[PDB]
Amino acid sequence: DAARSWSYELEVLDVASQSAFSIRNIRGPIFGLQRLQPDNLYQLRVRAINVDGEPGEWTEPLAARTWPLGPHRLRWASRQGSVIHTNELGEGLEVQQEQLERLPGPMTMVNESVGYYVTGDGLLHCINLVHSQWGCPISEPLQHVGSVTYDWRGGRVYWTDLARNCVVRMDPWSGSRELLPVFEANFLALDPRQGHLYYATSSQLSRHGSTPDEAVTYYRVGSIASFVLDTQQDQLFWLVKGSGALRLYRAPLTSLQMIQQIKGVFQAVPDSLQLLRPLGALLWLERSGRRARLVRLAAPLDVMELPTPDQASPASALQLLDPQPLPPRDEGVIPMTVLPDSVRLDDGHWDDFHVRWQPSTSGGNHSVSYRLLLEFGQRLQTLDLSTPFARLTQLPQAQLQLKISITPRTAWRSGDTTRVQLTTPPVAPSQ
Amino acid sequence: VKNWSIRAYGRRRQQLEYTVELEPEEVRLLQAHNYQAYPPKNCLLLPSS
Amino acid sequence: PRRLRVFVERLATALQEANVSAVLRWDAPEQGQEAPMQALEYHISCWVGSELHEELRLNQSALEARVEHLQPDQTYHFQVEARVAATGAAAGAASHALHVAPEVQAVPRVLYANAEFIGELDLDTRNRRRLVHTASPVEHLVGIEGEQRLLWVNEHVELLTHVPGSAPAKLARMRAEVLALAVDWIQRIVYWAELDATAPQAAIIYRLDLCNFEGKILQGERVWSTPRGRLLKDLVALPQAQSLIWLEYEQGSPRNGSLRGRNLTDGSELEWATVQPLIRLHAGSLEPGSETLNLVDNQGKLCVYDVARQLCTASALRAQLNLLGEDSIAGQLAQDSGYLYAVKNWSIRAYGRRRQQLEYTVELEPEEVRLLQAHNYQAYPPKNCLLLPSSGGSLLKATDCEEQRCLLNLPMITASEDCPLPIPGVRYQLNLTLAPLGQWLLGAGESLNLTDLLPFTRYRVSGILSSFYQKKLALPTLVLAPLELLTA
Amino acid sequence: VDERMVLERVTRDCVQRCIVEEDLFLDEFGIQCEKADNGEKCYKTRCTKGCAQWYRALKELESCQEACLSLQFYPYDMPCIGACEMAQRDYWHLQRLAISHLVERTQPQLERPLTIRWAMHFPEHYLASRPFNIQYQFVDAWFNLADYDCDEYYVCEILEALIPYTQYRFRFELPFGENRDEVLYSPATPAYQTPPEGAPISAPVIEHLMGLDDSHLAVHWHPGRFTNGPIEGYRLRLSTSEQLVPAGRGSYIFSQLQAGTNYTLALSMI
Ligand SMILES: *[C@@H]1O[C@H](CO[C@@H]2O[C@@H](C)[C@@H](O)[C@@H](O)[C@@H]2O)[C@@H](O[C@@H]2O[C@H](CO)[C@@H](O)[C@H](O)[C@H]2NC(C)=O)[C@H](O)[C@H]1NC(C)=O
Ligand SMILES: *[C@@H]1O[C@H](CO)[C@@H](O[C@@H]2O[C@H](CO)[C@@H](O)[C@H](O)[C@H]2NC(C)=O)[C@H](O)[C@H]1NC(C)=O
Ligand SMILES: *[C@@H]1O[C@H](CO)[C@@H](O)[C@H](O)[C@H]1NC(C)=O
Ligand SMILES: *[C@@H]1O[C@H](CO)[C@@H](O)[C@H](O)[C@H]1NC(C)=O
Ligand SMILES: *[C@@H]1O[C@H](CO)[C@@H](O)[C@H](O)[C@H]1NC(C)=O
Ligand SMILES: *[C@@H]1O[C@H](CO)[C@@H](O)[C@H](O)[C@H]1NC(C)=O
Ligand SMILES: *[C@@H]1O[C@H](CO)[C@@H](O)[C@H](O)[C@H]1NC(C)=O
Ligand SMILES: *[C@@H]1O[C@H](CO)[C@@H](O)[C@H](O)[C@H]1NC(C)=O
Ligand SMILES: *[C@@H]1O[C@H](CO)[C@@H](O)[C@H](O)[C@H]1NC(C)=O
Ligand SMILES: *[C@@H]1O[C@H](CO)[C@@H](O)[C@H](O)[C@H]1NC(C)=O
């Protein structure tokens, strides 16, 4: 019942102009300050005036730097499946018409209608946000899915299948799935410039490319909580959830160093790290769902705290929505189909028995590699080639009908299979 | 390279060893993995004195 | 039923990285007398969290394994399953999780030296060895565990060495009664103290460098001596503090033990403050930054001393060792990195440093143990500090000259600013030239005083610098800066 | 007899899944087999090879990439590896659902070296699983115990130097295979207090330290977490005045000090 009815002082110290601007007579500890210049840094201290006019001391200045100017929208998701679009304060709430499932994760957007998200039980769901009667190629939800990502350039949806320990690449327009040889991965991000798939296990974080020379391991350990990929600045952040210490790192895509270790019993949601683009900031949602933590890359020691709105009171996902639209599917990375008339089995002298075809090209001139299948009756021979050339070693000599299947591929996707049947030439010497 | 075929002549036995036929626009340049003999590790690195 | 016994063993060899291995020992299950001795297949899987570290399958009668390349401050889980080899039947299974922590963990092995031999007594398996059969009985015993070298003094007062695979070689023959013995393990210097029979009695500290030992008998060098009327006991060399701690008592008062010593670089006398007079001094942790002495007060009370803080340190092993009595902890007291050994009533009692408890009590024959030496962890410098330096520099400083001679000073060498300790076994080879006139192969620490020089004539010295480890590794010799020395 | 039903149920579900999803995945060579070939190029033959090789890889500690190694489809036979990994996670899910009630109904017992006796047994494929962790908790989160030694009947022996005069609760974490979400937790033990030994390792944290007037100075404090024994006294050094205050009092007020100047309080715990 002791009374401390005080009026507080909040100063604004701009570092760009060296100007001290101070207001008076605020009654509560909460204050909503308005009318700041964007893309600017400020220093803030607080003291408190009593009834008699004697103020308290200054505090330490906090490095407070503004969000840049723009319609900068945050997409909140509940644990009950409601989607609320706020701006960067947690104000300006718009309740979206879509209804997600229980405990949804980060929604990965394919075009402006169709998105893919992974719930808390491991199921992967598709939702058409605009017209829900059509747009999803997979009819039922798919179990044991770790995360999901999308390549805009290849036009392929990538998810980690936790049951198979594989990464499944899917066409969003047809639902055709491909097993990729990426093992024990939990989270995915693909670089669209070069086609490299970056993946993080529970133990390690590494890279998968179109050749085995392009596999670079960046980290080896607690466990990796999430990771994001910075395509523009050529760098790579991840969250390691250890023994009571949430620690974030940075490595280039080609110095591995520690940015901030957050100590406490509270930790982050797996797949909740996000790169905020206009600050160069890193966000993660907390496990209790009532708090989103933000660190700036310029100032590592300042860890900002974003409270969650009351309408979505436990949160399970938060994205900064990109203000540009997503770019469409590139037809410059699609490999052209190998012509079936150009697949010859023109042989040389001695033991040079080989199959040549016209080389498949793409629109933008990318490296087209080939996978070839042979059928000598029951005999099978599979070759992974980088040239339009395949030497036949085990030729059975007895004038067979050979079935040849050329599949062109790039680093982003694969072309259509060309299936031909060719009569083998007569082989007189056998030595 | 003679008449769309690359002919390897062995240095030890002094004979023609391999003749591999080519497509007519496969070879414009020809470079071999010749043995690039390196100095020892005292010569390549920083000196002592 | 017997349990699986895993021990963390850290072994450091000079010019090599310190490796950490787990010694896994498990006895066989109980078999009947009708069946013979059965081969047991031991499947050992070692895990670090959720990843597999090493996987071992061994056919043995009883388990004796080593899992190499463990990392310090890391939790390793050893999943060991035992199956009978001929039938496939499961004999047993064990799961041992182990924080590594190598400053407080070792294998319980001591070195004992009776009148007949020097042997190893493992206190886990209770098995006795013989390292060297001595013709004359051992009085003092120290060791260098990086090269398995035992240095000892017999009754015929002679200093001998023993590498495994060779005969005992005499390093020195000594003409007085030896009070104590110690070794600098980094610089390979063996320090001992000899009695003086002058009626004020003192103890003269001798030294001998093991890098000058080429197979013939060397002689010791007097470097320090005691103030007269006082005597030495219990020489302990600390290399990382560069100290040589003894116990200096007075003749006629052996229970007035005071801790003194010298600094090993400049020879300055160092003093250590104790709250009570002493009787005997034993070495402790031998770890850089945390060096320890196990010193005994005159009441039969152990103090776990700290060298850097110059004060007593309270431990839970201090109360348990004081219950053994004065004759046990001042009889023989040994301490490795993991255990702390004492002999009471013909039984050697290992007290563990990590759990602060009595761990092993092994009964003895009444004349088995006269001395007790533990394999304490001799921490070595890195390979930049032990070897030859990179830059030559102006190491020889020119002194003030007379007309006849110039006293050239020959100092010790640290390899860089990151290396605090001197380079072991430094030998200069020098010639003198008139700006050869002389040829000297002289070590570091002494002086070359250079007689028969012409007056008002400049002279020039030149030198190469040779160390012990650069001759062993066949590394090339540094040529230092040829400096010119003027005579007036 | 329950284990062979679990084996045959996982093998039945594996061959039934490889019958079902044979049209679902586009292969890298463009295979597109029909429903009745039984040829080596197709999804169904490589996938039933994966359901043939899942148990032999588990009991001999082989990976599914190393078990499903072929010279036709190299370096990775993805239906074979996928069917092996799906059958191994279905097997460890069925063992966890089999033994879940027996894990969560059986309480470990502490006796006193410190010994936990749990009334269970090691699994049949013990080396194929992850290592079990004993977990500790202060009574007044669960952290993993670093040093223990257990045999096959779970008669464990804690070799970790615990904090003296600290109430502890212990439980068993059982992982099942390499899946990190498939862990079973045992119930906690009855709470055991360590016997008291040694000096305290935690300084007592003050609550409020201010002056009363120009001639008095007040302090309030609470005891620390690891007090290492029965608490007897708190020594207060003001810089000097050094007083002895017993264990019941947590507030002391100094006197006869100088007006208007800057001091330093040192508080210890005895
Ligand atoms: C460990 O030993 C087993 C069994 O050893 C066999 O039985 C003993 C009594 C003795 O007579 C041995 O010489 C026998 O080999 C080994 O299992 C055998 O392994 C070989 C080689 O792979 C195989 O041909 C045999 O069939 C196996 N025999 C049996 C009975 O299982 C096993 O390999 C040994 N392990 C290691 C790591 O050496
Ligand atoms: C976004 O892409 C999806 C496909 O991923 C489109 O959905 C198709 O829409 C047409 C027209 O409504 C339907 O006939 C198809 O059946 C849908 N495809 C599938 C696979 O179901 C969708 O129209 C696209 N949205 C926009 C705005 O372009
Ligand atoms: C690709 O190659 C063609 C033919 O060589 C050329 O005309 C074209 O400029 C190249 N680039 C793109 C982006 O299409
Ligand atoms: C040279 O090449 C042509 C290519 O058509 C071929 O017909 C001819 O036989 C070759 N000549 C010789 C001598 O091999
Ligand atoms: C470990 O160190 C010892 C002593 O230096 C040596 O004999 C042994 O070969 C080492 N073992 C390794 C590196 O596996
Ligand atoms: C023990 O020695 C110290 C230091 O020499 C001296 O002051 C002291 O008197 C001695 N005590 C006795 C009882 O002789
Ligand atoms: C010994 O002398 C060296 C060099 O003067 C100095 O660095 C060191 O501190 C001294 N050691 C002790 C223990 O005083
Ligand atoms: C001490 O040793 C003797 C040896 O005969 C033995 O009888 C005696 O029991 C021992 N005392 C204790 C207390 O163990
Ligand atoms: C060497 O000269 C020094 C100068 O101090 C002198 O002490 C010493 O006696 C000389 N030694 C000899 C052997 O002449
Ligand atoms: C000293 O001179 C002799 C004779 O030329 C030569 O063998 C030796 O290497 C020289 N040593 C130095 C250190 O210059």
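For this deposited structure, the header cites cryo-EM as the method used and 3.06 Å as the resolution.

Chemist: What should I look at first to understand the overall build of chain A in this one?
Modeler: The helix and strand inventory of chain A stands at zero helices and 34 strands. Over its C-alpha trace chain A gives a radius of gyration of 29 Å, far above what one expects of a compact globule, namely 22 Å for 431 residues.

Chemist: Where do I start with the nonpolar core in this structure?
Modeler: The biggest cluster of nonpolar side chains holds 68 residues, and the ones touching the most others in it are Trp159 of chain A together with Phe132, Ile134, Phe170 and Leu174 of chain D. Ranked by the residues each element gives to this core, the list is headed by helix α5 (residues 78–105) of chain D, at ten residues. Discounting chain neighbours no more than four positions away, the residues touching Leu174 of chain D are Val103, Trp118, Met120, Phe132, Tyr154, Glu182, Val183 and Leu184 of chain D. If you look at the next biggest cluster of nonpolar residues, it comprises 48 residues, including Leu15, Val153, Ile204 and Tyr206 of chain C.

Chemist: Is there a simple way to think about the interface of chain C and chain D in this case?
Modeler: Frequently, the measure chosen for interface size is the accessible area that the parts lose on association. Each partner contributes to the interface: chain C provides 29 residues, whereas chain D provides 26 residues. Together, the buried faces of chain C and chain D total about 2,100 Å²; carbon and sulfur atoms form 48% of this surface. Viewed at the interface, chain D and chain C are joined by three salt bridges. Put simply, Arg3 of chain C and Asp149 of chain D hold a salt bridge, and the shortest N to O gap is 3.0 Å. Scanning the region where chain C abuts chain D turns up 13 residue pairs in polar contact.

Chemist: What am I meant to see in the packing of helix α1 (residues 2–20) of chain D against helix α2 (residues 43–50) of chain D here?
Modeler: Working note: a packed helix pair is described by the angle between its axes plus the distance between those axes. Residues and elements named next belong to chain D. In contact at an axis separation of 9 Å, α1 and α2 are set at 165 degrees when each is read in the N-to-C sense. Relative to α2, α1 is oriented roughly antiparallel. Like other packed secondary-structure pairs, α1 and α2 cross with a definite hand, here right-handed. On α2, the residues that touch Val15, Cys18 and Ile19 of α1 are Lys44, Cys47 and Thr48. Tallied by class, the residues present in the contact of α1 with α2 amount to four nonpolar, one polar and one charged.

Chemist: Even after reading the chapter, I still don't get the arrangement of the chains, so can you show me in this structure?
Modeler: Among the five pairs of chains that make contact, the interface with the largest number of contacts is formed by chains C and D. Regarding chain B and chain D, the two do not touch, and the least distance separating their C-alpha atoms is 26 Å.

Chemist: Would you take a moment to explain α1 of chain D for this structure?
Modeler: Turn by turn, an α-helix covers 3.6 residues, leaving residues three or four places apart pointing in a common direction. Residue and element names in this part refer to chain D. Look at α1: 27 Å from first C-alpha to last across 19 residues, which is about the 27 Å you get at 1.5 Å a residue. Those residues of α1 that sit buried are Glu3, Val6, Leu7, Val10, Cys14 and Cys18. Along α1, the residues classed as buried sweep out an arc of 100 degrees about the axis, all on the same side. Set apart from the buried face of α1 by more than 90 degrees, the exposed residues are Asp2, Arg4, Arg12 and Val20. Among the structural elements, α2, α3 (54–59) and α5 are those in contact with the buried residues of α1.

Chemist: I tried to follow α5 of chain D on my own but got confused; where do I start?
Modeler: Between its first and last C-alpha atoms α5 of chain D spans 41 Å; for 28 residues at 1.5 Å apiece the expected length is 40 Å, and the two agree. Its axis deflected by about 45 degrees at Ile99 of chain D, α5 of chain D carries its strongest bend there.

Chemist: Is there a simple way to think about the side chain of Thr160 of chain A in this case?
Modeler: All names here are of chain A. Relative to the helices and strands, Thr160 resides in strand β13 (residues 156–161). The exposure class of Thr160 is buried, given its relative accessible area of 0%. At 3.1 Å, the side chain of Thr160 and the backbone nitrogen of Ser147 are in polar contact. One polar contact links the side chain of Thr160 to the main-chain carbonyl oxygen of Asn186, over a distance of 2.9 Å. With residues near it in sequence (within four places) discarded, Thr160 still touches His144, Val145, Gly146, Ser147, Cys166, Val167, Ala185, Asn186, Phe187 and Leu188.

What counts, and where the lines are drawn
Residues numbered from 1 in each chain as written, not as in the entry; some residues may be left out. Chains lettered and ligands numbered in written order. Part of a larger assembly, values for the part shown. Heavy atoms only, no water. Residues with missing side-chain atoms left out of burial classes, pairs and counts. Helix = DSSP H or I, 4+ residues; strand = E, 2+ residues; numbered from the N terminus. Rg over C-alpha atoms; globule rule 2.2 N^0.38 Å. Core = buried A, V, L, I, M, F, W, Y, C linked by side-chain atoms within 4.5 Å. Buried < 20%, exposed > 50% of the residue type's maximum accessible area, 1.4 Å probe, protein only. Contact = heavy atoms within 4.5 Å. Buried area = accessible area lost by both parts, 1.4 Å probe. Salt bridge = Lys/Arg side-chain N within 4 Å of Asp/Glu carboxyl O. Polar contact = N/O pair within 3.5 Å; in protein donor to acceptor, adjacent residues only side chain to side chain. Axes fitted to C-alpha atoms, helices over the stretch in contact; angles between N-to-C directions. Parallel < 35°, antiparallel > 145°, perpendicular 65-115°, else oblique. Left-handed = near helix turned anticlockwise from the far one by under 90°. Nonpolar A, V, L, I, M, F, W, Y, C, P; charged D, E, K, R; others polar. Expected span 1.5 Å × (residues − 1). Arc of directions from axis to C-beta. Bend = angle between axes of the 7 residues up to and from the residue.

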